[PDB]
Structure formats: C-alpha cells, structure tokens
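Shown next, in structure tokens, is the structure this report addresses.
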Ligand SMILES: Nc1ncnc2c1ncn2[C@@H]1O[C@H](COP(=O)(O)OP(=O)(O)O)[C@@H](O)[C@H]1O
Ligand SMILES: Nc1ncnc2c1ncn2[C@@H]1O[C@H](COP(=O)(O)OP(=O)(O)O)[C@@H](O)[C@H]1O
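Laid out in structure tokens, this is it:
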C-alpha cells in the first residue's frame, strides 16, 4: 500500500508506459518499449499479492479470486489515474499497470475524418466503434462523448467495465456507472436506463445477446446508443451482430439493424513510416437507403460494393480506400499497407489507376 | 518388493520418458517411444495401490478415491520432477508417470538448424511448430523462448496445459500460465492477454477457429506469437489454418498469414540407427517474398517447390531433404527414412544421386 504508491509514482516520474509486478523479479517499468528493472529486491508471492490487493476494493478482491482475472481502473490522489490488470501465474499474483490520461484528444489529433464529428451530432441511432483491443476504440469514443458533452444540453449515461475516461459535466449531464460497484451488471444497469431519461448511452462491448437487444432497443426508441465490437470491418461487424442469435430470430435482428444503424467505425493502429508512433487506419460505413435494404434482405456481402461508391455524399470509406490515402501522404510504407489490406489485390488495382 | 523411488530412478537412469504401473504386468518404461518391461515380477492390486499412493498427500488420496481419477505433479529432491496420473481399471489402481526435464537443451543438441536460432530474433509475427504428440514441439519452443529471454528486454507470456519447461527471468519478464490453475482456460487467458502488455505470447495449439483469430490478432498488433498444430508439413500447416474458415473469409485469412507468418517448423522424432535414442527430423519453411506471394495468390501447392531451392539463402529445408542428410550421416535406416517421407520416390532418387 505505502509501497504501491511509491512504485506507481516512480512509473509516472520516469516516463514509463507500463509497470510490471511479478514473482522472482523486481518491479519492472517499460521505457521506450523495453523493460528495465527497478533497483529493488525481487518480489515474492506475498509482495505481489499485497501490492496488487492494496489498490482493490473488497468486491474486486472477491471477483479476482473467483476468476483469477480482473480488469479495473483506480486513482491515486494528486498523481494520476491508472488501468490495472491483475492475473495469476505459477500460483502467484502478477499485475500490469498503465496510465490513463486526464485530457481527451480532439478529432484532428486522432486522425479521425470529418464524418466522425457528424456522427457525434446524430440525434438518434446506433453507432458502433470496432476493432481489436487497443485499436483506439476507447480513445475515439471519448472524443465523441466529449464533443457531445461540449455541444449539447442532453443526458449522457455510460456503463463501463471498468470506467476508463472521466467526463466532468460540460453542457450535458454525464453519469458514469462502473459495473461491479455502481451497478451489479450490464444487464441490471440496462434494465433501468430507459427510466433515467437518457439522450446518449454508452453500453460498452456487444458481449452477449442480452446487451445487443438493449442497445437496439435504446437505438430504436429515439436515443443515440454507442457500443463496441472486436470486428475489423463494417460487413464483418454487422454479421457478428446477426450470427449470435438463433436462426429463427436473425430476421428480426436484421430488420432492427437496418433502421437504427447510423455508423460503423472499424479501426486499427499501424506503424508510422518514420518508425516512431502509430497512425490510425479506419473503415467508415455510413448507411444509405441501399445499404439498409441489403441488411433487411440478408444480403450483407453486397454491402461492401455499396461502400465503394458512397464516398462523396456521406463521408463513407472502405478500409482499402483509407490505406490508399495513407499511402499517398507517405504516412505508412507499402509493405504495411499491403500487409493489412483486407484485399491486397484491390489496393494494388487502386494504385495503378 | 520394489518401491516408487527405485522405479523412478531407473526410469531416469535409462533415459526413459514414461513409467507404467498396472496389474498383471511388470513395471514398464517407455524408451524412445516404445514400452519395455522391467525385470521384475508382475504387479498385483496391492502393489499398484501402494506404489502410486506412496507419492500422494492425504488430500490427493481422498480426491482420487472420490473420482477414480487424479492428475498431479510432484518432485523427488535428489532426482527430477514428475507428472503423475492415477486412475482405476479392472477394479485396481493403475498409474502413469511422465518426466519433466529441468534443463533446456541447446539448438545444436536438439538437432535444430541455425535458421531456428534466427526466429528468436523476429520482432513480431506468427511462428508455428507442428507435429504429432511427443515430436519435440515443446522442447523446440522452450529452446526458442530461452534465447528470447536471454537476449531481449521484453514481456513473454506463455499459456500451457500444463506448464512443462520453467523459464527463470533472465533479461525478459516471463509469466507462465497453467490452464486449469493459473487461468480457467485458453479462451479466458486470451481474453485478457492484450491487456497484459505482452511482447511474446505462446498460445498453444490452434485448437479452433477462435484461437486462430486470436493468434492472427496478436501477430498483427506487433507481437511475436508462437503456436502449435498437429500437421506434418508446412503446406499442411498453412492449409489447415486457412481451410477452417468459411470460403468467403479465406481471402482475408490468406492475406493475413502472408504478412504475419515468420516460420513453420514441422518435426518428427525417429529412432536412431544405432538402437539408442531418437533424432529430430524437421521440415523448415521461412517465408521469403516469393512464398508470401504464393500465399496471397492462393498458390499453396507451389510452396513446396520454393522450399527445394531456398536451401542455401534462407536455411529452408523440406522433410525429404532432412531425411537425406540423416541418411548420409547414418542416423536413420532407409526403412525409417522411407516410412516418413511424404514422397518415397523422391527420396529414393535423391539417394541414388
Ligand atoms: N486515433 C488514434 N490515433 C493515434 N493513436 C491512438 C488513437 N487512438 C488510440 N490511440 C493510442 O492507442 C493506445 C491505446 O488505445 P485504446 O483507447 O486503449 O484502444 P481500445 O479501447 O480499443 O483498447 C493509446 O496509446 C492511444 O494513444
Ligand atoms: N528436438 C528434440 N530432439 C531430440 N529429442 C527431443 C527433442 N524434443 C523432445 N525430445 C525428447 O522427446 C520427448 C517428448 O517430446 P515433447 O517435448 O513432449 O514434444 P510435444 O510437446 O510435441 O509432445 C522429450 O522427453 C525429449 O527427451
């Protein structure tokens, strides 16, 4: 506890990105991508458990002991907030701890096209921000919420496991519920959200069926609902939503999605051509009447063709079209663009044309 | 009357892998893959129970009597560590006991070519070590991991069922997770691995479609991912990964594999011609620009032709080329070499030439 503060302070003071605590090694900090041990004795299982437990609530200790996994965020007064992950290896506790910045970056700093700001102005519907873990999803969502919070006089409710970015009230009323402390579960929080007069709702990952129906219901009843998935493209995202349901109920889900879907953002971070930092590649799908019909008709695989010709009107963009632009601006190398293109032969064709 | 400790000492001393205790047979030890009876009278039910129980705690004895099954590992201080499984057959106790080596062998001692040492230097991507059970896969991976641990300042995470080779921290931080104790399952470990700030991850077998997608994501997000399959050749490895996906998504998977694949090692252990020990036969495919294109163009068949002529530059090597070298050094018989050649007529032509 009194030592855990000192370890996390040293992480901040020395400009490290991640702090590692595990047995038979001293605490180690990642500086410029590479781990460096602190000048301390190696930790034992008593140390790692005491250090990691010193920053947990009783609910988190019981959840950690029930699953041997725990994602969480916590704050240290006067320093910073931190995202921690605690797990078990070779019968002992281990932990990794990252910093959570206080300041939300703008759409421009993040490399987000103007269509993303227009999604933050939608009065209602379902907007999905997808990609793998650490593909920029939380950062993009924080920028969108911060824009809504700055510009609108509405009620934002977020349900998070855990809460990552904090949104102090601006013009909106912003309520943020952390699963396992503020609310028992996503299911329990969503049962009452319509009785809380929301305008904008962040529901997190579309984990299971129960959460998908809540997001579709919120989006169907006139609210703007934000959610994430792990998928890598607009078409793959829509198929993920439909295919989790029983065969008899997939028609209804497809009908609901065609009306309420207002945007799908699929992101991935690629190495910059300079060799330092990462640059955002994003596929943007903004539904037009043609795409909404393809969803209703169970013709999802023909939507990609529609995305190729909807660029000028709605700000839509296939993943290959974004890589083309990153290549002409020399932000990424040809190998990285080809190595990540969902269809390298198409990207080749776009270059010679 | 033989005790447990003398039996386990003989198993180690004779270079055996497994000790078998069951009624109406003498103790038998597996040497070079084949069972051999010890020069002792056959065991009865009193013997098998006394021998297996001699290495159990009181709690372990109780659990065995409740389920008639028990997996465990245990140590003999002056000898070695061991993995035991106790069960019941024909109303009597039976037992199998496996050896867990303490010492990782060098690349030369295992018969791995120098190009395998270079795989430990790869900054990112997917490396596959394939073959049937007990074909040396775990030992090869342990040799690679030890080099990374020695040479890099990065975070290595292994997920194992169970953990075999132990890796004390060297220059890396090494966390080793045993399925069923440290983590609930492979699926659960992989659910949190992206939040654990890893650089190198061992995920075990590409059991199902979901694990392949996890391995491609790790290799795509800047990590070095190691995994195994039960395929027997480089082409069989690439095909089995691609062919599990639906036909409409196989184009993306092939493009991904062409970018992230950094090596495929397909091994098999063959009995030596001398009659003692086993020798490694290995097919090595390291993708070069030509092979990566064959993957993108769906020309997997033609990869075999590239391996036949990529010997001098990149250290590539087909299985038949490896058997030829083992034959000239008289390490294997012609029948053993022929019994494993994927094309016996090709190996014959190489011998007469
Ligand atoms: N648009 C972006 N442009 C550049 N870097 C980004 C962008 N979005 C996120 N990042 C960086 O990626 C890292 C983690 O992103 P994160 O928000 O945790 O993604 P996710 O919520 O999907 O896991 C951070 O260091 C962040 O600065
Ligand atoms: N590269 C190797 N060369 C020679 N013998 C090996 C090699 N790898 C393993 N062995 C021997 O074979 C036995 C079993 O192999 P193992 O490592 O368990 O492969 P797998 O994990 O695929 O089942 C080991 O006890 C070891 O003595």
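Protein chains in written order, with the deposited numbering: chain F, 1 to 353; chain E, 1 to 353.
Using N, Cα and C, we set each Cβ at its ideal position, and we do this for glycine too.
To which residues does DSSP link residue 18 of chain F through a beta bridge? As a working note, residue 18 of chain F is residue 18 in the first chain. Paired residues: F:30, F:98.
Span separating the alpha-carbon of residue 217 of chain E from that of residue 143 of chain F: For the purposes of this step, residue 217 of chain E is taken as residue 217 along the second chain, with counting starting at 1. For the purposes of this step, residue 143 of chain F is taken as residue 143 along the first chain, with counting starting at 1. Cα to Cα, the separation comes out at about 25 angstroms.
Does the stretch 266–280 of chain F come close enough to the stretch 122–135 of chain F to have 3 or more Cβ pairs within less than 8 angstroms? yes
If you drop the 5 nearest sequence neighbours on each side, which residues of the same chain put their C-beta closer than 7 angstroms to that of residue 322 of chain F? Along the first chain, read from residue 1 onward, the residue named residue 322 of chain F stands at position 322. If we look at residue 322 of chain F and ignore the five residues flanking it on each side, its Cβ neighbours are 281, 282, 283.
CA-CA distance, residue 81 of chain F and residue 138 of chain F? Indexing the first chain from 1 puts residue 81 of chain F at position 81. Indexing the first chain from 1 puts residue 138 of chain F at position 138. About 15 angstroms.
Kindly list, in the order they appear in chain E, the residues whose Cβ is closer than 8 angstroms to that of residue 101 of chain F. For the purposes of this step, residue 101 of chain F is identified with residue 101 of the first chain, where counting begins at 1. Result: empty, since nearest Cβ-Cβ is about 17 angstroms, beyond 8 angstroms.
Within chain F, partners of residue 248 of chain E - CB distance below 9 angstroms: Residue 248 of chain E sits at position 248 when you count from the first residue of the second chain. Result: 301.
Which of helix, strand or coil does DSSP assign to residue 259 of chain F? One-based indexing of the first chain puts residue 259 of chain F at position 259. Reduced to three states, the DSSP call for residue 259 of chain F is helix.
Taking contact to mean at least 3 C-beta pairs separated by less than 8 angstroms, is the stretch 39–58 of chain F in contact with the stretch 12–28 of chain F? yes
From the DSSP secondary-structure annotation, give me the bridge partner or partners of residue 173 of chain E. By one-based count along the second chain, residue 173 of chain E stands at place 173. Residue 173 of chain E is bridged by DSSP to E:155.
Just to check, is the beta-carbon of residue 133 of chain E closer than 7 angstroms to a non-hydrogen atom of ligand 2? By 1-based counting over the second chain, the position of residue 133 of chain E is 133. Residue 133 of chain E Cβ: within cutoff of ligand 2.
Look up residue 144 of chain F in the DSSP assignment and say whether it is helix, strand or coil. Within the first chain, residue 144 of chain F is the residue found at index 144, counting from 1. It is helical.
Please go through the same chain and pick out, in chain order, the residues whose beta-carbon is closer than 7 angstroms to the beta-carbon of residue 9 of chain E, but skip the five residues on each side of it. Working through the second chain from its first residue, we reach residue 9 of chain E at position 9. Correct list, in chain order: 79.
Are there 16 or more other CB atoms within 10 angstroms of the CB of residue 1 of chain F, so buried, or fewer, so exposed? Residue mapping note: residue 1 of chain F aligns to position 1 of the first chain, counting from 1. By the neighbour-count rule (16 or more Cβ atoms within 10 Å), residue 1 of chain F is not buried but exposed.
What does DSSP give as the partner residues of residue 351 of chain F in its beta bridges? In the first chain, the residue the question calls residue 351 of chain F occupies position 351. Its beta-bridge partners do not exist; DSSP assigns none.
Coarse secondary structure for residue 227 of chain F, derived from DSSP in three states: Reading the first chain from its first residue, position 227 is the one you call residue 227 of chain F. In the structure shown, residue 227 of chain F sits in a strand (DSSP, three-state: E or B).
Does ligand 2 have a heavy atom nearer than 7 angstroms to the CB of residue 166 of chain E? Counting from one through the second chain, the residue named residue 166 of chain E turns up at place 166. Outside the cutoff, so no.
Can you tell me whether residue 277 of chain E is buried or exposed, with buried defined as 16 or more other CB within 10 angstroms of its CB? Position 277 of the second chain, counting from 1, holds the residue named residue 277 of chain E. By the neighbour-count rule (16 or more Cβ atoms within 10 Å), residue 277 of chain E is not buried but exposed.
Would you please state the rounded distance, in angstroms, between the beta carbons of residue 85 of chain F and residue 192 of chain E? I believe it to be under 8 angstroms. Locating residue 85 of chain F in the first chain gives position 85, where the first residue counts as 1. Locating residue 192 of chain E in the second chain gives position 192, where the first residue counts as 1. Between residue 192 of chain E and residue 85 of chain F the Cβ distance is about 6 angstroms, and since that is below 8 angstroms, they are a contact.
Among F:302, F:140, F:240, which has the Cα closest to the Cα of residue 105 of chain F? In the first chain, counting from the first residue as 1, residue 105 of chain F sits at position 105. It is F:140.
Report the rounded CA-to-CA distance for residue 62 of chain F versus residue 87 of chain F, giving the unit in angstroms. One-based indexing of the first chain puts residue 62 of chain F at position 62. One-based indexing of the first chain puts residue 87 of chain F at position 87. Roughly 13 angstroms separates the two Cα atoms.
Residue 278 of chain E - containing beta strand (DSSP E), residue span: The residue given as residue 278 of chain E occupies position 278 in the second chain. Annotation for residue 278 of chain E: the continuous beta strand (DSSP E) segment containing it runs 278–285.
Report yes if the C-beta distance between residue 186 of chain E and residue 173 of chain E is below 8 angstroms; otherwise report no. As a working note, residue 186 of chain E is residue 186 in the second chain. As a working note, residue 173 of chain E is residue 173 in the second chain. No; because the gap between Cβ atoms is not below 8 angstroms, this pair is not in contact.
Have a look at residue 331 of chain E and residue 19 of chain E and give me their C-alpha separation to the nearest angstrom. For the purposes of this step, residue 331 of chain E is identified with residue 331 of the second chain, where counting begins at 1. For the purposes of this step, residue 19 of chain E is identified with residue 19 of the second chain, where counting begins at 1. C-alpha separation (whole angstroms): 27 angstroms.
Thinking C-beta only, is residue 347 of chain E closer than 8 angstroms to residue 339 of chain E? As a first step, residue 339 of chain E is located in the second chain; it is residue number 339 there, counting from the start. As a first step, residue 347 of chain E is located in the second chain; it is residue number 347 there, counting from the start. No.
Would you mind telling me which residues of chain F sit closer than 8 angstroms to residue 182 of chain E, beta carbon to beta carbon, in chain order? By 1-based counting over the second chain, the position of residue 182 of chain E is 182. Chain F residues near residue 182 of chain E: 68, 87, 88, 89, 90, 91.
Could you say which of F:4, F:287, F:13, F:11 lies nearest to residue 309 of chain F if we only look at CA atoms? Looking up residue 309 of chain F in the first chain gives position 309. Out of F:4, F:287, F:13, F:11, F:287 has the C-alpha closest to the C-alpha of residue 309 of chain F.
Does any CB atom of chain F fall closer than 8 angstroms to the CB of residue 23 of chain E? Residue numbering aside, residue 23 of chain E sits at position 23 when the second chain is read from its first letter. So no, residue 23 of chain E is outside the interface.
With distances taken Cα to Cα, identify the nearest neighbour of residue 182 of chain F among F:12, F:317, F:157, F:195. On the first chain, residue 182 of chain F is found 182 positions in, with the first residue counted as 1. It is F:157 whose Cα lies nearest to the Cα of residue 182 of chain F.
Within 10 angstroms of its Cβ, does residue 223 of chain F collect 16 or more other Cβ (buried), or is it exposed? Along the first chain, one-based indexing puts residue 223 of chain F at 223. Per the 10 Å Cβ criterion, buried.
At a threshold of 7 angstroms, does residue 17 of chain E count as lining ligand 2 (C-beta to nearest heavy atom)? Reading the second chain from its first residue, position 17 is the one you call residue 17 of chain E. Yes - ligand 2 has a heavy atom lying nearer than 7 angstroms to the Cβ of residue 17 of chain E.
Residues in its own chain within less than 7 angstroms of residue 16 of chain F by CB, not counting five upstream and five downstream? Within the first chain, the letter at position 16 stands for residue 16 of chain F. Only 29, 30, 31 meet the Cβ criterion.
Measuring alpha carbon to alpha carbon, tell me which residue in F:208, F:245, F:258 is nearest residue 220 of chain F. The residue given as residue 220 of chain F occupies position 220 in the first chain. Of F:208, F:245, F:258, the residue nearest in Cα terms is F:258.
Applying the 10 Å Cβ sphere with the 16-neighbour rule, what's the burial state of residue 255 of chain F? Position 255 of the first chain, counted from the start, is the residue given in the question as residue 255 of chain F. So residue 255 of chain F ends up on the exposed side.
Short of 6 angstroms in beta carbon distance, which residues of its chain neighbour residue 324 of chain E, apart from the five on each side in sequence? Order them along the chain. Indexing the second chain from 1 puts residue 324 of chain E at position 324. So the qualifying residues of the chain are 350.
Find out if the Cβ-Cβ distance for the pair residue 262 of chain F, residue 126 of chain F is shorter than 8 angstroms. For the purposes of this step, residue 262 of chain F is taken as the residue at position 262 of the first chain. For the purposes of this step, residue 126 of chain F is taken as the residue at position 126 of the first chain. The answer is yes: Cβ separation under 8 angstroms.
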